[PDB]
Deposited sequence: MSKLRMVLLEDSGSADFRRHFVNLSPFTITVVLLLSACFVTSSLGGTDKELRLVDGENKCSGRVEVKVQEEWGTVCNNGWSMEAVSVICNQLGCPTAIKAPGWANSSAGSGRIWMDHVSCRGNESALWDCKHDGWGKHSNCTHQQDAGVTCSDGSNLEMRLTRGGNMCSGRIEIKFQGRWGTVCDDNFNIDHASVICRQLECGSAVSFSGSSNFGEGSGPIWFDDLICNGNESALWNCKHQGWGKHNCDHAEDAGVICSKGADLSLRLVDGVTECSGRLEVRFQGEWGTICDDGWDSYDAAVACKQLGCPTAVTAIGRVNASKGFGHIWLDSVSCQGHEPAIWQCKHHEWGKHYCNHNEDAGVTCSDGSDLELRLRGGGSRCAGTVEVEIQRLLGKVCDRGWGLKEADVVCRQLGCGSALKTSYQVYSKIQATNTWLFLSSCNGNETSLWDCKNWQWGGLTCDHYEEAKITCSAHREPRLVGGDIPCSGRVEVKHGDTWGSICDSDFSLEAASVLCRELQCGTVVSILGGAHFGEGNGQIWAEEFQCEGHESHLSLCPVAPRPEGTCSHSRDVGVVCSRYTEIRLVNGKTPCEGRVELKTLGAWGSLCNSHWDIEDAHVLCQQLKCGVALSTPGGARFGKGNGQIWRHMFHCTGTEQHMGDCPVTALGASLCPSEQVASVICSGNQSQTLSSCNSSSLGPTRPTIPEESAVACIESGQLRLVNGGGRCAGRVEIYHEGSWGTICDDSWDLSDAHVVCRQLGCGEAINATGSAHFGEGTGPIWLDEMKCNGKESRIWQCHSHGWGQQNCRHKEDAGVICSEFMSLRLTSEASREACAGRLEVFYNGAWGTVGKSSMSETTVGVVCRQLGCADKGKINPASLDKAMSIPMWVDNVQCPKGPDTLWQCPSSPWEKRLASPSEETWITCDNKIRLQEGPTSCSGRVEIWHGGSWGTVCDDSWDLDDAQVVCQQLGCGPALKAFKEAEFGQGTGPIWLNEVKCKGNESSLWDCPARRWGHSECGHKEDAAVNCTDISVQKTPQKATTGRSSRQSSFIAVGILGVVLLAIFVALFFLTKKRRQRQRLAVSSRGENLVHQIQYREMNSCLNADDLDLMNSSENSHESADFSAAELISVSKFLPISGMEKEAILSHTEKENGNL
């Protein structure tokens, strides 16, 4: 007996031939396995590093067929000593002859072509100077991850492409059977056949890895903010503000794990770039997991000026850490504002905010919230940010939070949490502490009817929301017509209740009302804003007034920064900047002065977070009134 490799791409590849009775013949491919290839290679003088099966570039078989279903355990060196049923007594045909592809290891290289970069596009094999394609006979994310992992790209998001086209085509294919997914290279995946079949009704394999387009943020002092740079596999560049949309931003903050978008900014606000400029139309539907997943338009011929960079800030921009504890899950709670650290005041801080802050740092569920200076007062300032977490989000920055002139905190009341270490909203009201009231029950949202609605009842809801006392209780659908179910008909609380579900009421579902009689509440902690003049009730040019405690008042001029006026205009929806100017002496209403010294930091989107001196009602001269004009 004898062995021979014939008509392959190299002396160590091609159809397998065996001589018996002086006549050559081919082996039937049925059951041909990589073990058979290894045995046939060890019987021959070719490298034993890698052994793929199949006919590489070989033509159709001819002559006689000697053996079928050759089964080798790999324990002996010669092919014909393996197991077979009988010589020649088989029903195989010349279109299904076997083969092998011996290799030494340092020749198998995989490269993706036809797309935005090396980490996106069709998969293109090149082995022994013969270059082909992979087929979709068993292709999916499980096998996809290996190709992206092998190339230095990340997780495989989908099988598609965006940008470039016009790839070449060849009539040779790579077939995978199935490979669990943890391999360091595609070549390690078991029983990968090289050539032999032209797969019909199966298309070519395509990939788009995460490294196709990767976003980064650098130039900002608050954790989740700054200009946007995108990586094209191995190169970088800047992003203009013309072709970036909120849908893309929501994904940008989603994959970064910085929460959701709380502001999108244009221009070189975060700093002008010093590199190449990218130009790419972002067309995300909104719920995509990555920027690369979203479709993409081809590059335009134009380029933006470097003063046109973009930027974003997401919800999770509050740095919270625990100190002075034996474990990091028990120390006192600290926070930052305006470039200085500090310690949180516990004056308004419940178990819910402890649950959230424990979940933030993977400390599990919360256990207790010690009182007093139970972990040391600390050397930093005491912060006055009243937190109102709903107890489901998993970061502090997500929660509603406000500190505008919060009351002075007594010295020894520093907040702390002990971690395990493992449904009221006001709708259409504007703000958080006012509007039609709704409750979630039968797993559906519904409102409260207006009958018997009196100011005593309204006390309980805004103690439940933490919004202080009630100042109004409204009916005849003041804040719009509620939709869906109507649950609670009449309410007869004592005014001292902790939660609304403990009041005397007819019980869920019992009612005699119509949607034209939905109730509401306005409470002392609702805030609003306005810029007005003698000839306009509402505008964004004139004296600045603030709504709070049910009454209007003017904002203080002293200690007014340049960021404040920009925040004010942005909240009023006219401009991103503002200028102070002198004005007339004609006081419109001569309202009191609410809060003295406002100083808005970088990042917030409204004025209710920017910290200042605690509230106190006083009269003030017209010279102390803030008069703003928005460009």
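Visitor: Tell me, which runs of residues in the deposited sequence have no coordinates at all?
Guide: Several stretches lack coordinates - namely 1-263, 686-717, 927-1156, in sequence order.
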